[PDB]
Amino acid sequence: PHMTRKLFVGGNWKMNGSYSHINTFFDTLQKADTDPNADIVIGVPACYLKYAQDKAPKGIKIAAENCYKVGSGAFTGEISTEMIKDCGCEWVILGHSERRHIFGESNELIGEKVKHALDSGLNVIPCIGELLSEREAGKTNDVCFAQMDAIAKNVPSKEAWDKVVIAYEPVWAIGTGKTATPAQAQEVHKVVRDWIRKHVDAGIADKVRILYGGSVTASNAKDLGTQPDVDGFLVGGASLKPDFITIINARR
């Protein structure tokens, strides 16, 4: 169903976390039996990048939740690609709905960040997804296509897609409990994969992981994950809880 696409389970702690929580959470994670064929990446606040990557069990990668679009400079409050690598980390989440819709990051800025992160040797999780008002207007695909256009035109090469994991999160499902049904997720992922097939490359479309995110839980992950164009999850609230282990083991 998912061809040669390996399961990917992302977490995003958003603006939560502490040294105490990191110690406990990753002790539980190390003790637990997790699917050895899942890629696991957890986004954490920037002040915890190195500590959490040191404390993470082998195989688990830590992501920055954002970064800026140049290597260094006069950008108070920003985190650079080089600081992420200095902290021992290789992943960054880009274009999350909260950056776009609370902090006003544009498609152009997120595209610029995708290119700079890829050109710095980072792996990226670019986020796409539509507002409730956009879906009601019949613009779900239009919005996702414009977001994918900005991302895709900024992936510097065909090889670079090996370092890209797309996450689709309908904004109305993020933090609301109103999870997309397996049908709703599959429909959008198929449309996005077809877009990548047509506008980028058919080989790459077949290989690129596309995550569903937006109120993924331990009980709903299995049915979302068995959809053929859903390759895994980007988990918010539940990635702070032991439930994240169950979600990791959903395709097991």
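Just count from 1 along the sequence shown to find any residue number.
Higher mean CA temperature factor between 140 to 148 and 73 to 81: 140 to 148, per the PDB entry.
In this entry, 32 to 40 shows the higher mean Cα temperature factor of the pair 32 to 40 and 215 to 223. Within the group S157, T181, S97, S120, the record's highest C-alpha temperature factor is found at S157.
Which of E130, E112, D162, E90 has the largest Cα B-factor in the deposited entry comes down to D162.
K241: CA B factor lies in the highest third for its chain, per the PDB record. Ranked against the other modelled residues of its chain, the C-alpha B-factor of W195 as given in the entry falls in the highest third. Ranked within its chain, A64 lands in the lowest third, by CA B factor from the PDB record. Split the chain's modelled residues into thirds by C-alpha temperature factor. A46 is in the lowest one. For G232, the recorded CA B-factor ranks within the highest third of the chain. Only modelled residues enter the ranking.
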